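Taking it in order: structure first as structure tokens, then the write-up.
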Amino acid sequence: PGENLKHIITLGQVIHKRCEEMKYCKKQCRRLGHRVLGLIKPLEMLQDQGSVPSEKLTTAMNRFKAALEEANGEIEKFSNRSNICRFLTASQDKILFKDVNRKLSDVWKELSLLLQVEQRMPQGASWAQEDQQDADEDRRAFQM
Ligand SMILES: *c1nc2c(c(=O)n(C)c(=O)n2C)n1COCCOC
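Residue numbering for the sequence shown follows my numbering, beginning at 0 and increasing consecutively.
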């Protein structure tokens, strides 16, 4: 439980750091890192106590860990310029992290509801809109 929480928080931090160093598609990569850092903030607060998670909370945390591992795999893949160029030429909307953003948003909704109801923690609605704007800003930076 404590080890699981530390692993997820470390994943989020490595994803943010890797997104910050990305040389291409900076708006989309920076948005992914910023969103991940914001999602792990209440998990950092829960970790700062040292309570026991229910099995429903453990299930939701493990699903969130799986979405973060997928995001880390995508950032690692896109650290190679050729993989970015290949993916974007094949993509329809030019949104680099479309699939993993959907998974992060869906798994986060279940997890935050359990943190609020079970651990008394005090949403990805604008995300698809922000994704299209960041993708356009990135496409424009590339087209100069
Ligand atoms: C390859 N093809 C790209 C890009 C890119 O960043 N963007 C935003 C695109 O729209 N396309 C089609 N890359 C990545 O490499 C950028 C050029 O580096 C020299």
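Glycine included, every Cβ here is placed at the ideal spot set by N, Cα and C.
Taking the Cβ atoms as the reference, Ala70 lies roughly 11 Å from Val106, outside the contact range of under 8 Å. Nearest neighbour of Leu45 by Cα position, chosen from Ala127, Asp130 and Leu114, turns out to be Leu114. With a contact defined as Cβ atoms closer than 8 Å, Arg30 and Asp133 qualify at about 5 Å. Closest in C-alpha terms to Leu4, from the list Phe141, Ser78, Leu42 and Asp130, comes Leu42. The beta carbon of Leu103 lies closer than 6 Å to those of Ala66 in the same chain, with the five residues before and after it left out. Linking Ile83 to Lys64 through their CA atoms gives a straight-line distance of about 24 Å. For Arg17, the enclosing alpha helix (DSSP H) starts and ends at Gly1 to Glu20.
When rounded, the separation of the alpha-carbon atoms in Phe96 and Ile8 is 20 Å. Note on geometry: alpha-carbon atoms of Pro52 and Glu2 lie some 12 Å from one another. For the set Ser125, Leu110 and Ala127, the Cα lying nearest the Cα of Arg119 is the one of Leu110. Annotated three-state conformation of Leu56 is helix, per DSSP.
Fully enclosed beta strand (DSSP E) runs of no fewer than 3 residues are not present anywhere in the stretch 75-108. The straight-line gap separating the alpha-carbon atoms of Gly32 and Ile14 is approximately 6 Å. In this structure, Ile39 and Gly72 do not form a Cβ contact; the two beta carbons are roughly 17 Å apart against a cut-off of 8 Å.
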